[PDB]
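Enquirer: Sequence, then structure. It's an experimental one.
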Amino acid sequence: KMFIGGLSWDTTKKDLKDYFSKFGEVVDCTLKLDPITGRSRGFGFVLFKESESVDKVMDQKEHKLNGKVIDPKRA
């Protein structure tokens, strides 16, 4: 479970899940942008399938999906 802060207002568990599908096999993914109630905090979560996959995406938190960076952490 790694946290991803920096998602855009139009981010989706799909674009993020895949952008991260390059690090390893993710079993879960989410987007914290409740843009319906006005709670789009451009920030969701990512749940890799194996630690190695997470440690990799963490080795380089210079991420930039949706045209923005993200705060990669231990979701």
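Expert: Done, it's in. Numbers count the residues shown, from 1 in each chain.
Enquirer: and the residue of the chain most remote from its centre, helix, strand or coil?
Expert: Relative to the centre of the chain, the most outlying C-alpha is that of residue 37, 21.0 Å out, by C-alpha atoms, centre = their mean. Here residue 37 is recorded as coil under DSSP: H, G, I helix; E, B strand; the rest coil.
Enquirer: before we move on, what SS does the closest residue to residue 31 other than its chain neighbours have?
Expert: Take residue 31 and drop its neighbours on the chain: the residue closest to it by C-beta to C-beta, 6 or more residues apart in numbering is residue 44, 3.6 Å away. Where C-beta positions appear, they are placed from N, C-alpha and C, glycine not excepted. Using three-state DSSP, the structure places residue 44 in strand.
Enquirer: I figured residue 44 was touching residue 29, is that so?
Expert: Yes - counting by C-beta atoms under 8 Å, a contact exists between residue 44 and residue 29, whose distance comes to 7.1 Å.
Enquirer: Mutual contacts of the two, please.
Expert: Taking C-beta atoms under 8 Å, 6 or more residues apart in numbering as the contact definition, residue 44 and residue 29 share the neighbouring residues 13, 16.
Enquirer: for the longest helix seen in the chain, packing partners?
Expert: Longest among the helix segments of the chain by residue count, using DSSP state H, is helix 51-59. Using 3 or more C-beta pairs under 8 Å, 6 or more residues apart in numbering; DSSP states H and E as the contact definition, the elements that helix 51-59 packs against are strand 2-5, strand 43-48.
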